[PDB]
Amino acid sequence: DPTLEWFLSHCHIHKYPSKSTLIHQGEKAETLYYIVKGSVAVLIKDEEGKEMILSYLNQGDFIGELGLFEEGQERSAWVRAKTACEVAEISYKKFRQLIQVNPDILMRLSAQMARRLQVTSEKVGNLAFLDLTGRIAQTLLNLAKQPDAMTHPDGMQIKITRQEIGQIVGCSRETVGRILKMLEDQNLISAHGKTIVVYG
C-alpha cells in the first residue's frame, strides 16, 4: 500500500514495551500517532483512579487524532501499550501538509473516527441502559462470541482475568469477583478456575 508507505516515510517510528504509556490525558495535543505493530488500550479514569477501556486499538490504527482540527486542545484519554508496539508519529503541522499533497490520508483517518464514534455511541447506550451487573453479563457473552472463544461440553469457554473484565466495565477486580459469584449463583456462568464457562 503506497499511501501508507508514503505517509510512514514522514513519520518517525518507535518501540514501546508492553504496559508503557504513549499519551497522557490533559497533555497538549500536537502530534498524530499510527500503530505499525501491536495494540494499545485507550483508557479513562475516575477520582479513585478506577479505569475504563474506551477502546483497544491495533496495527493500522491512528491515535491522537482528536486535537488535529483546532489548536490548543488537550489529550482526551490515556493510551497505554497492551503488547509491545511500534508506533509511528508525526506532528499536526506536517500531517496537514501531507493532507494537501494527497487528501486520501485524511480519508483513512476520518474512516477510523467514524468507526470509533459508532463504537463509542454503542457504549453510551450500554452505560445508559444496563447496570454494572448487566454490563459484566453482556461482556462475558461478547467474549464468548469472539472467534477465539473455545468450545465446551456445556456452552462456551473464555480465559479472562477479573482484572481485564474490571477495566472493560469500570469497576475493581474485587467487585468483578463479587459479581461473578452472583452470576455463578444465578447459573448464568461457571467461573471455576482462571477460565470461565458461559452458557447457550
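Residue positions are given as counts along the sequence shown, with the first one as 1.
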inquiry  = Can you tell me whether 134-142 has a higher mean C-alpha B factor than 37-45 in this record, or the other way round?
reply    = 134-142
remark   = Comparing mean C-alpha B factor in the record for 51-59 and 158-166, the higher one is 158-166
query = Of 25, 190, 21, 9, which one's C-alpha B factor is largest in the deposited record?
reply = 190
inquiry  = Quiz for you: based on the deposited Cα B-factor, which of 126, 110, 118, 100 is highest?
reply    = 100
note = Assert third(CA B-factor, residue 179) within chain per record equals lowest
message = By the recorded C-alpha temperature factor, relative to the other modelled residues in its chain, which third is residue 65 in?
response = lowest
message = Quick check on the deposited entry: does the C-alpha B-factor of residue 149 sit in the lowest, middle or highest third of its chain?
response = highest
